[PDB]
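Shown next, in structure tokens, is the structure this report addresses.
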Amino acid sequence: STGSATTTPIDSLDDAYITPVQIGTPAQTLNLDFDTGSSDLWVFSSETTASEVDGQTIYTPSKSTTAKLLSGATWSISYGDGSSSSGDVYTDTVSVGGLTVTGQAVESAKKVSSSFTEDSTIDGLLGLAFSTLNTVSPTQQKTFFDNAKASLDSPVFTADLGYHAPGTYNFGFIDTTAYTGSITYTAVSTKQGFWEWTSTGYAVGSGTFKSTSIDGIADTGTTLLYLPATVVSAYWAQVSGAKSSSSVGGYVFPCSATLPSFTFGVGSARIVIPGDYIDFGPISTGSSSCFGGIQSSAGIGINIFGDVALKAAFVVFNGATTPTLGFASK
């Protein structure tokens with residue numbers, strides 16, 4: 001089997017991407033944030049505290065003839081941005097782009113933090129990291145990809161995120177029309193539960209490539225590119241007036257600037273992020289200070305190849321017995 005679904009930016013900045021997912025019988029369609037940095041499929045639901053729902057579409061398990069309470073199971077998750085959610089668990093039928101998994105754990109939110117409530121466009125998350133990170137207790141549950149893998153034509157999914165435009169998540173096949181050149185594959189460590197890999201270096205603009213190992217994660221659920229302070233300083237030093245602002249929480253730059261590109265290495269190959277992809281617009285409405293898309297990871301503990309980086313590539317998440325990642329230009 002295969003599946004193919006369009007993913008759409010939630011706003012004009014590409015802060016996140018939503019993908020329609022069918023849950024239950026008859027289908028209830030929710031728009032979920034596909035997140036290769038976590039491993040829980042959770043949804044706003046009829047159980048979510050009413051004051052914490054503000055415009056999201058909810059899953060109502062009592063209206064699904066295939067829903068079953070997973071008795072005793074609870075979940076609770078905290079994300080790198082400080083947001084969180086928690087609740088109980090049903091199993092139900094879940095379909096993405098024509099690919100159907102029966103018995104998928106659908107984690108129903110009883111509580112969500114304010115940033116989820118405040119984002120009316122995201123009805124939940126669909127985790128695509130390794131199932132060892134799934135938070136369900138006392139019986140850990142598998143991701144949608146893990147459950148579908150055996151049925152897929154090939155044990156892979158691909159992320160093709162657009163810049164200010166829709167893109168595609170495919171399951172079970174590699175669309176050879178969706179990228180240019182060849183796909184360069186690189187080793188993955190699953191030891192922390194992430195799609196963790198080592199970039200071979202970077203360049204700023206038309207500058208020379210610096211060969212240096214950068215360990216980080218491919219994370220579709222993180223908006224920006226988080227890299228070591230040395231790398232980030234070298235980038236923003238090429239932008240007149242750019243500075244790190246403690247009050248704003250990162251590097252800002254004059255909105256009048258033209259940003260240089262940023263290149264990252266994948267083995268001997270190179271992925272070029274255009275300068276425009278690094279512009280996240282005014283820090284507040286009407287400001288001439290703009291927020292940068294490349295930020296320091298120094299306070300995180302891990303480097304994060306988020307959407308800013310991934311949207312410049314066609315990315316293969318290869319879930320073979322030894323997982324690997326592939327990157328192609330597009």
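Sequence positions, counted from 1, serve as the residue numbers for this chain. Scope of the values below: all heavy atoms of this structure, side chains included, with no hydrogens, waters or symmetry mates.
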Do [X] and [Y] have side chains that get closer than 4.5 Å, going by heavy atoms?
{"X": "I58", "Y": "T60", "answer": "yes"}
{"X": "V43", "Y": "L32", "answer": "yes"}
{"X": "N303", "Y": "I217", "answer": "no"}
{"X": "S199", "Y": "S213", "answer": "no"}
{"X": "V188", "Y": "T190", "answer": "yes"}
{"X": "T36", "Y": "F317", "answer": "yes"}
{"X": "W42", "Y": "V112", "answer": "yes"}
{"X": "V94", "Y": "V106", "answer": "yes"}

Heavy-atom closest contact ([X] atom, [Y] atom, distance):
{"X": "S95", "Y": "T100", "answer": "OG-OG1, 2.7 Å"}
{"X": "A5", "Y": "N170", "answer": "N-OD1, 4.5 Å"}
{"X": "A309", "Y": "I273", "answer": "CA-CD1, 3.7 Å"}
{"X": "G37", "Y": "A129", "answer": "C-CB, 4.0 Å"}
{"X": "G267", "Y": "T200", "answer": "O-OG1, 2.8 Å"}

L310-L13 co-clustered via ILVMFWY side chain contacts under 4.5 Å: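 Yes: a chain of side-chain contacts under 4.5 Å links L310 to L13.
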Single-linkage hydrophobic cluster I300~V231, side-chain heavy atoms < 4.5 angstrom: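 Per the 4.5 Å side-chain linkage, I300 and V231 are co-clustered.
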Aromatic contact, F305 with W197 (centres under 6.0 Å):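 Under 6.0 Å, so yes.
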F171/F144 aromatic ring centres below 6.0 Å: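 Judged by ring-centre distance (under 6.0 Å), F171 and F144 do meet the cut-off.
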Euclidean distance, [Y] [atom2] relative to [X] [atom1], rounded to 0.5 Å:
{"X": "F264", "Y": "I214", "atom1": "CZ", "atom2": "CD1", "value": "10.0 Å"}
{"X": "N134", "Y": "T143", "atom1": "CG", "atom2": "OG1", "value": "8.5 Å"}
{"X": "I278", "Y": "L259", "atom1": "CD1", "atom2": "CG", "value": "6.5 Å"}
{"X": "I294", "Y": "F253", "atom1": "CD1", "atom2": "CZ", "value": "10.5 Å"}
{"X": "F157", "Y": "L99", "atom1": "CZ", "atom2": "CG", "value": "12.5 Å"}
{"X": "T223", "Y": "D11", "atom1": "OG1", "atom2": "CG", "value": "8.5 Å"}

Is there a donor-acceptor pair closer than 3.5 Å between any side-chain N or O of [X] and the backbone N or O of [Y]?
{"X": "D123", "Y": "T57", "result": "yes"}
{"X": "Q295", "Y": "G292", "result": "yes"}
{"X": "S1", "Y": "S151", "result": "yes"}
{"X": "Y235", "Y": "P260", "result": "yes"}
{"X": "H164", "Y": "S12", "result": "yes"}
{"X": "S296", "Y": "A298", "result": "yes"}
{"X": "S297", "Y": "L227", "result": "yes"}

Using ring-ring contact (aromatic ring centres under 6.0 Å, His included) as the criterion, list what pairs up with [X], not counting sequence neighbours.
{"X": "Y169", "result": "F34"}
{"X": "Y202", "result": "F262"}
{"X": "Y163", "result": "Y277"}
{"X": "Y79", "result": "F116"}

Verdict with supporting geometry, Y185 and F327, side-chain contact (heavy atoms from CB on, under 4.5 Å): CA-CA 6 Å; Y185 289 86; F327 293 81; over 6 Å; no
Residues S84, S78; criterion side chain to side chain donor-acceptor pair (under 3.5 Å); working and verdict: CA-CA 4 Å; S84 65; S78 313; 5.4 Å; no
Do [X] and [Y] have side-chain atoms, one donor and one acceptor, less than 3.5 Å apart?
{"X": "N318", "Y": "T324", "result": "yes"}
{"X": "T117", "Y": "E52", "result": "no"}
{"X": "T74", "Y": "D88", "result": "no"}
{"X": "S83", "Y": "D81", "result": "yes"}
{"X": "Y59", "Y": "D92", "result": "yes"}
{"X": "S51", "Y": "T49", "result": "no"}
{"X": "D54", "Y": "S120", "result": "no"}
{"X": "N147", "Y": "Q141", "result": "no"}
{"X": "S38", "Y": "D35", "result": "yes"}
{"X": "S108", "Y": "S45", "result": "yes"}
{"X": "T66", "Y": "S64", "result": "yes"}
{"X": "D40", "Y": "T135", "result": "yes"}

Stepwise side-chain contact (heavy atoms from CB on, under 4.5 Å) check, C290 with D279: CA-CA 7 Å; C290 273; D279 181 0; 4.0 Å; yes
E47 vs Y90, side chain to side chain donor-acceptor pair (under 3.5 Å): CA-CA, chis, key distance, verdict: CA-CA 12 Å; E47 303 182 327; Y90 293 83; 2.7 Å; yes
Pairs satisfying ring-ring contact (aromatic ring centres under 6.0 Å, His included), at least one member in residues 282-301, at least two apart: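 Counting only pairs at least two positions apart or across chains, no ring-ring contact (aromatic ring centres under 6.0 Å, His included) contact touches residues 282-301.
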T91/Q104 under side-chain contact (heavy atoms from CB on, under 4.5 Å): CA gap, chis, key distance, verdict: CA-CA 5 Å; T91 58; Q104 175 65 45; over 6 Å; no
Side chain to side chain donor-acceptor pair (under 3.5 Å) between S76 and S86, intermediate numbers included: CA-CA 4 Å; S76 182; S86 60; 4.7 Å; no
Derivation and outcome, side-chain contact (heavy atoms from CB on, under 4.5 Å), residues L126 and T19: CA-CA 9 Å; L126 189 152; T19 308; over 6 Å; no
Test: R270 cationic atom under 6.0 Å from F209 six-membered ring centre, within 45° of axis: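 Yes, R270 lies over the aromatic ring of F209.
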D119: side-chain contact (heavy atoms from CB on, under 4.5 Å) partners, not counting sequence neighbours: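 Scan of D119 (side-chain contact (heavy atoms from CB on, under 4.5 Å), adjacent residues dropped) gives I10, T121, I122.
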Neighbour count above 12 (heavy atom, 6.0 Å) for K330 NZ: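 Atom NZ in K330 is crowded, with more than 12 foreign heavy atoms closer than 6.0 Å.
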